[PDB]
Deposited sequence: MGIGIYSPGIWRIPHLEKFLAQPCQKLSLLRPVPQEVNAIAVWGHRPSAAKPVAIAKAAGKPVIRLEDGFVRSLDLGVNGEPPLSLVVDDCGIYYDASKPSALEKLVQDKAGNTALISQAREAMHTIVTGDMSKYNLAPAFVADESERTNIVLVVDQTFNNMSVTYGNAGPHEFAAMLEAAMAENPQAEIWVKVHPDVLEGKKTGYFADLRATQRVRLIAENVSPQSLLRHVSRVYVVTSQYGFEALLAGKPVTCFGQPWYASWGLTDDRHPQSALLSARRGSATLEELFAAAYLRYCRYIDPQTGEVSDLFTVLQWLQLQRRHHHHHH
């Protein structure tokens, strides 16, 4: 029932197990069939624009896909298939300009309360089992007052649609340095940049004695254990820091900002917080990791759950 134009999407292994619905390939060169009840695209990739306009003009709704928050062993830039996808029938999680399906799941508190025991169980497995979106980095080993500043991939869609850009990165690091005069500043490069497939926002940062550059691929939770507080623009690292029990200052508008849990600096923070309301950490985790994300079994490709994928990711 769902039409897909993107060959890249069409090509995702076990895609049909993620969508839980029949899917069919559509061509831009002919009308959308009436049978199609929705059109699915990848986030806001440039390829999504033409299918979005088509769907609008035929009155069909758009579904936006993206990788899950526990995705795979190696990076997507290296061609590793995903073990989790998100499926968003309202917007997409990283677009702060309007509600996403994730935002409405967070606000459905009753539905998150029903999952609190699974959420606590999975949260513990992630923090003490040292898990993250990617899971091939080795644990970190090595002053005690450390401020973590998180770099990202240049022009990533979670920055642009989270109302940020190069300025918020410069402002983030100047704020980190100025608000913690005696702390040591640690700038973590994104693994895609370390893989040489992307560039960072601090490409031309000059390191000092107080500003140390961490250009090593290390697992988030292990590095977080040595940090006092975290500064982000929009990175998923920010939510993982909250799971580690660390304070988080946000300079863009990611999916986990403006719920009452983060020190939000974006100029439109008050507007977004008014729309979102309040939420607990466990509500956010249940909504995002258990309800918004879908999983497949890594050995069979059949529909699965977070716990099965966490288990299979942990022995490697």
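- Unmodelled regions of the deposited chain sequence (numbering from residue 1, in sequence order): 1, 144 to 147, 322 to 329.
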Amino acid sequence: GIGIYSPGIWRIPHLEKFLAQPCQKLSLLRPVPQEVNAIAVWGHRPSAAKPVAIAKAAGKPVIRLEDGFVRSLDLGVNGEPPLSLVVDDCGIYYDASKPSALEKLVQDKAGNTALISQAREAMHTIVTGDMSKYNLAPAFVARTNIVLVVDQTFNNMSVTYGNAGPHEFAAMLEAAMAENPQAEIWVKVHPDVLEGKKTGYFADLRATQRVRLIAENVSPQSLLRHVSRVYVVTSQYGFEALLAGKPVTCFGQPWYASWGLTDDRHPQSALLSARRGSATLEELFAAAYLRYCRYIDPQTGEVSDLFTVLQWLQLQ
From here on, numbers count along this sequence of modelled residues.
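- Stretch comparison (23 to 31 versus 63 to 71) by mean CA B-factor in the PDB entry places 23 to 31 on top.
- Judged by mean Cα B factor in the deposited record, 72 to 80 ranks above the other of 152 to 160 and 72 to 80.
- Of all the options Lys246, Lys133, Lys104, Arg212, the entry's greatest CA B-factor is assigned to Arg212.
- You'll see in the entry that, of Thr280, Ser258, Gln268, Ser47, the Cα B factor peaks at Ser47.
- Compared with the other modelled residues of the chain, the Cα B-factor recorded for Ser117 ranks in the middle third.
- Among the modelled residues of the chain, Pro138 sits in the highest third by CA temperature factor in this PDB entry.
- Ranked by Cα temperature factor within the chain, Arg229 sits in the middle third according to the deposited record.
- When all modelled residues of the chain are sorted by CA temperature factor, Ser235 is found within the lowest third.
- Among the modelled residues of the chain, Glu179 sits in the highest third by CA temperature factor in this PDB entry.
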